[PDB]
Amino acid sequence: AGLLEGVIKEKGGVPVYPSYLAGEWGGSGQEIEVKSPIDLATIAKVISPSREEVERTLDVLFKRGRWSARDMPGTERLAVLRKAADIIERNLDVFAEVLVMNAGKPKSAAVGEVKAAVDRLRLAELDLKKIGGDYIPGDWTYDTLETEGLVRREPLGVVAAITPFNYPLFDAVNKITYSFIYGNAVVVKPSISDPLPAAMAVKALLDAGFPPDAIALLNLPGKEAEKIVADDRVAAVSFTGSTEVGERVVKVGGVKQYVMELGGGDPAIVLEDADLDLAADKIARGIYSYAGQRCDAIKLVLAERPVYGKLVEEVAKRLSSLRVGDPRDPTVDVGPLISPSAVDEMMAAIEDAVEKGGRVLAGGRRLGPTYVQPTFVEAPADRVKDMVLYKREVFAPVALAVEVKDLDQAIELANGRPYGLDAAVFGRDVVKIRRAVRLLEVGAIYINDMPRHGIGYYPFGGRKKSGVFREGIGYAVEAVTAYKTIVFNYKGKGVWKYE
């Protein structure tokens, strides 16, 4: 409908979304059902490409795509992205509706993602801040005298953008934007569970003038994508997902430029001098936002003895005063989780914590195949490390609360999980803050706020199991671009007179 006018095929009741094969929308591979977490019903179908079509798509992106993307001057790429922003913006409601239906995202959360995608597109201009090379004079070494060097960046060619389910619209728009702004062609591979927003975005981009042979959207399920990652024409792979899949991706890909945003949870530390209202409010939000289905969600709260009581109490009040329902009621605070499987795991993890000495302070009640109350489990420092909610990432609205003696204990506990994406610290003392910033092994630390990557105005990425490299405005250039050095030799040519 609308954007996907002549694209969506209305086959026997359910709308069928085809893959975009770098030139034409189509696909002759298996058809796959797409369901809503709101009622487990099949809301549409997607056509996956055949091995022959995947192969043909890659051949196109590699042979023509790289050149039409690279040979379109930046000023036009910028215009394409801005026009794509205009198109998505006027279709805001439709984009939002699909997010609410397909991802079970609360209405306002879905509207936020569309706006984030629109802004990312419009701010492509800011990505230019990291454009420009280095001039290296050669008279600072005898061996390089009368020599000179120029270093600049060049697009790698074809970038594979693999995307998660929790931000089906933004991640696709993001990776496409930074890959394309520098001159690359892109193969987008969305989560097969909610590939509709990506299809809509790509259509808006194509309508905006995005070189038709420089982009692709393949509805491939899981391991079917390995075919793309393992191919030599794919010079870079931008992957946002789970640690386990990310690992499999590199082992399949081999030598190549990578950006691995592998998430995991995020710990939050509250110091005795923190504004507890701000902290309680922000931590509660960081715990339940989009049913905790955020990589930058808060999964552990560590508070110093003196404020632990109030803090945990306040966060508990907030979490239980939440309304869990269908994402449509602008009254509902929390919608469903992407699958009943996800809820099972959350329940199991809560039982595990309880068995190991944990006590539920809020939530805990499952309300349906895909509905649960955001839960807050208190745990003694001496037992938390063996709890599943600690050792692992339970993608759900659930966090642990742990009392700590001082900053050092907070820090060692915060660093005790295998991940290191972000960390939040609420407090006022510059010294304690500086110490925490140095010792927290994470890609980013949020001072007096909950972790929120937003559109990447500030760069983010992981450490430890959370991955490698960063995404951000300007910073993502390092992942879809390679350096090119030009060394000029003027030895004895009389440019310099011994210097």
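The first residue of the shown sequence is 1; numbering continues from there.
Which is higher in the entry, the mean Cα B factor of 326-334 or that of 294-302? Averaged over C-alpha atoms, the B-factors run higher in 326-334.
Could you check the entry and say whether 349-357 or 238-246 has the higher mean CA B-factor? The entry gives the higher C-alpha B-factor average to 349-357.
Choose from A41, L440, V430, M450 the residue with the greatest Cα B-factor as stated in the PDB record. That would be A41, according to the entry.
Which of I269, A225, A216, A161 ranks first by CA B-factor in the deposited coordinates: The listed residue with the largest C-alpha B-factor is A225.
Using the B-factor values recorded in the entry, state whether the Cα atom of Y178 falls in the lowest, middle or highest third among the modelled residues of its chain. Ranked within chain, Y178 CA B lands in the lowest tercile.
Just say lowest, middle or highest third for the CA B-factor of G26 relative to the other modelled residues in its chain. Tercile = middle for this residue's CA B-factor.
Mind checking which third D86 falls in for C-alpha B-factor across the chain? Tercile = middle for this residue's CA B-factor.
Ranked C-alpha temperature factor of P37 among modelled chain residues, by third: Its C-alpha B-factor belongs to the highest third of this chain's values.
If you rank the chain by CA B-factor, which third does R434 end up in: lowest, middle or highest? It belongs to the lowest third of the chain when residues are ordered by C-alpha B-factor.
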